[PDB]
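Trainee: Per the working numbering, the sequence shown runs over residues 6 to 159.
Beta carbons: idealized from backbone N, C-alpha and C, even for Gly.
Before I ask anything, here is the structure I am working with.
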Amino acid sequence: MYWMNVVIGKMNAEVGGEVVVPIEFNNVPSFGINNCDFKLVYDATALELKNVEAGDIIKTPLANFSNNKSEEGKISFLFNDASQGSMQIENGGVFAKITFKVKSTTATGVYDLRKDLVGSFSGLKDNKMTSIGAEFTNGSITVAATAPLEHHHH
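Put into structure tokens, the structure is as follows:
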């Protein structure tokens, strides 16, 4: 075992603007990760999800990574090393990048992005399937008013 950290990014955005939030892994166990699934929740009244991209800690993401954005307000992530050993997640870094657009109607304020349902996190210690606790640190998009571009020394 024992425990690793999933950090959901805290980022700033403007009304109508876009924003990319990273999902980071740290304290990845020395034996690596063979698979993990979890869901996040976002404020769909406030934010329009555009896309989800695999991070650079994932080797061969077309074979090993997927996401499911079909439940509005939620995103489901799935990593599983097809090769069963050759493409574990072996160190921390960026697991995925989520792009949102702040809707034109959204108030200034803070919109949390949280751990929802956590499934299994596991790795192969010496080819024995070993469970790993995933410690989540929730994130957010802070929507702030844009300073105007034009100003005058008066």
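1) Could you give the distance in angstroms between the alpha-carbon of residue 105 and the alpha-carbon of residue 73?
2) Kindly indicate the opening and closing residues of the beta strand (DSSP E) around residue 59.
3) Measuring straight from C-alpha to C-alpha, what distance separates residue 52 and residue 24?
4) Under the rule that 16 or more other beta-carbon atoms within 10 Å means buried, what is residue 150, buried or exposed?
5) By Cβ distance, which residues of its chain are closer than 6 Å to residue 140, with the 5 residues on each side in sequence left out?
6) Would you call the segment 85 to 96 and the segment 109 to 117 touching, i.e. three or more CB-CB distances under 8 Å?
7) Hey, could you find the ends of the beta strand (DSSP E) residue 73 is sitting in?
8) Is DSSP giving residue 154 helix, strand or coil here?
9) With C-beta atoms as the reference, is residue 36 less than 7 Å away from residue 114?
10) Which class does residue 34 belong to by DSSP, given the choice of helix, strand or coil?
Mentor: So, from the listed chains and residues:
1) Taking the Cα positions, residue 105 is about 15 Å away from residue 73.
2) From DSSP, the beta strand (DSSP E) with residue 59 extends over 52 to 59.
3) Straight-line measurement puts the Cα of residue 24 at about 10 Å from the Cα of residue 52.
4) Residue 150 should be labelled exposed.
5) Around residue 140, the same chain offers 8 and 10 as residues with beta carbons nearer than 6 Å, after the five sequence neighbours per side are excluded.
6) At 8 Å Cβ cutoff, the stretches do not touch.
7) Start and end: 70 to 73.
8) In this structure, residue 154 counts as coil in the three-state DSSP scheme.
9) Their beta carbons are not under 7 Å apart, which means residue 36 does not touch residue 114 by this criterion.
10) If DSSP states are grouped into helix, strand and coil, residue 34 belongs with coil.
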